[PDB]
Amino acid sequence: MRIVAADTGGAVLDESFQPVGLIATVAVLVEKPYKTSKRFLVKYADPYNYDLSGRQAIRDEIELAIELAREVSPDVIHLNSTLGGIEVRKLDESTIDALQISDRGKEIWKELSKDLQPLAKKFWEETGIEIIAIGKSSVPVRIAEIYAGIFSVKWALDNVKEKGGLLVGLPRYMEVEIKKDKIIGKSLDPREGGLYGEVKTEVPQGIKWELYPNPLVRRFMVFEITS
C-alpha cells in the first residue's frame, strides 16, 4: 500500500508548560514496511498568532495531503480524525450525526463539511483517491505526527536566536535526537513497531538543548533549547 497522511503537531509552550500555538503541519508518503517516510511536505504556522480553539490545522492538513497526493499518487489519503474511516467526500449533516463520536465531534464537522466535502469530492472525481478520517488507528498518521514533532524541533532550531529561548511541546511519547546534519525523531512506544523519522537541516552553533518529560502531561516530552 502507498498512503499519504497529514497531521498538525508540536506546540510552543510558555514557562507554565501551557500550549501557546501549534507549529508544524506535515504530509507524508508512507510505503512498506510502513515504519517511516522518505517523501514529505511541511507547512509552518505562526504559534504566536494561532487559535487553539479554532481548527485551522485540519484545513491545512487536508490541503497539504492533497498537494502531495497529486504528485505521488497514493492509494488513499489518511486524515487525522477518528471517525471510523469514513470518506470525507461522503460527509454531510446526515452522516455526521450517525457517527458514534461525541456530540461536540458532530458539531465541529458540520462546519468543516462546507469546504472539505466538496473538495474531497472534486479530488476523488479527478484522481479516484479517497480521503478517509481514520485518525488514531492509522500508522501513516502517527508517522506524520512524528514528523510534525521533528519539524517543530527544526522550527525551534531555525528560530531560537531571534527569541532567545523556546519550549517545544512534542507529540505523544516521542523523542528527538540532533546530529550534525539531521534531526531524528522516534516513537517511545515499542508497541508501534519502531516508528521513526529523519529530516536534514543545518544545526546552528552556540545552542544547548534538553529533552525531558512534561510534568503536567504524562507521556509527553518537552524540547528545550537556549543560547
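In case it trips you up, residue 1 is the first one in the sequence shown, and so on.
**Q** In at least one third of the other PDB entries compared, is residue 31 left unmodelled?
**A** No, residue 31 has coordinates in all the other entries compared.
**Q** Counting only other entries that model residues on either side of residue 180, is it left out in at least a third?
**A** Across the compared entries, residue 180 is modelled every time.
**Q** For the higher mean C-alpha B factor in the entry, choose 190-198 or 60-68.
**A** Higher mean C-alpha B-factor: 60-68.
**Q** Out of 107-115 and 83-91, which stretch has the higher average CA B-factor listed in the record?
**A** Comparing 107-115 with 83-91, the higher average CA B-factor belongs to 107-115.
**Q** Among 99, 148, 131, 141, where is the Cα temperature factor highest, going by the PDB entry?
**A** Comparing C-alpha B-factors across 99, 148, 131, 141, the maximum falls on 99.
**Q** Could you check 164, 185, 33, 171 and tell me which one carries the biggest Cα B-factor in the deposited entry?
**A** The record points to 164.
**Q** How does residue 214 rank on Cα B-factor within its chain, lowest, middle or highest third?
**A** As the PDB entry reports it, the C-alpha B-factor of residue 214 lands in the lowest third of its chain.
**Q** Which third, lowest, middle or highest, does the CA B-factor of residue 178 fall in along this chain?
**A** For residue 178, the deposited C-alpha B-factor lands in the middle third.
**Q** Relative to the other modelled residues in the chain, which third contains the C-alpha temperature factor of residue 9: lowest, middle or highest?
**A** Lowest third - that is where residue 9 ends up once the chain's C-alpha B-factors are sorted.
**Q** Classify residue 27 as lowest, middle or highest third according to the C-alpha B-factor given in the PDB entry, relative to its own chain.
**A** Its C-alpha B-factor, which the entry lists for residue 27, ranks in the lowest third among residues of this chain.
**Q** By the record's CA B-factor, is residue 42 among the lowest, middle or highest third of residues in the chain?
**A** For residue 42, whose C-alpha B-factor we compare with every modelled residue in the chain, the answer is the lowest third.
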